[PDB]
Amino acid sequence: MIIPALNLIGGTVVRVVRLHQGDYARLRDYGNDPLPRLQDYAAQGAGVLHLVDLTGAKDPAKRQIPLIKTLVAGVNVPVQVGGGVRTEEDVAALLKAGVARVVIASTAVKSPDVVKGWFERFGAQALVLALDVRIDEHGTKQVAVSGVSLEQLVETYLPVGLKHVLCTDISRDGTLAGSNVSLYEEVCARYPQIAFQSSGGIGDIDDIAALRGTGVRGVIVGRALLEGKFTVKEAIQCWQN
């Protein structure tokens, strides 16, 4: 499936650029209109929607639960949400607000003992392991936010039933240069029991086509949709052919 993505800061749909320390900088504001954007995405056939709560990421005390509740209610397609999910209570709050899947990167690589417990409480279908991948000079898929590889972390969670992984090539985020096809070809084949979502870099319709047959189950598209490189409708018809 095609998975359209929005970044949210205090109710605003934003463009950000990832910085060194896991930090980032706000580039563009697209508007204060997340719900109509999501409804248009759904109307065009998007089967899943992706939201990153950057406000909650900075400060979990400020998680945008009331907004998320409204956004989930206002469409009839499942929404997955990430952003500074740190505790079992955070996961529960998001599911209670009507989120279909909770997306977790930082806490999952930092505190595997804790997050394993979440798998056992909520079940594997409720949780998406998000991997912020940096390929180093040696070819290692680094995912720390000492080092941790993609493979090491996937293996960490397979025993508690890991099924969904969002694999972001963070150097590709917002570049419009294409997603990392070879990376997805490799990891999808290595873990055929896992449903990988690709993320970062989609630039034009050819880039969607290029991920067909890689094994990727979901293609996250952010910037290209926001800046009208193509519509959700045509992304879907490319992806489904």
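Start at 1 and count along the sequence shown; that's the residue number.
Unmodelled deposited residues between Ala124 and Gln125: none, per the record. The stretch 14-22 shows the higher mean C-alpha B-factor when 14-22 is compared against 215-223 in the entry. When the two stretches 116-124 and 99-107 are set side by side, the higher mean Cα temperature factor goes to 116-124. Of the residues listed, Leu51, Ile205, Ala189, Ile194, the entry assigns the biggest Cα temperature factor to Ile205. As recorded in the entry, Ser171 carries the highest CA temperature factor of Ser149, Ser171, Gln80, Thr156.
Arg63: CA B factor in the middle third of modelled residues in this chain (values from the PDB entry).
Ranked within its chain, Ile3 lands in the middle third, by CA B factor from the PDB record. Placement of the Cα temperature factor of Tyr184 within the chain: lowest third of the modelled residues, per the deposited record. When all modelled residues of the chain are sorted by CA temperature factor, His138 is found within the highest third. Ranked by Cα temperature factor within the chain, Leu131 sits in the lowest third according to the deposited record.
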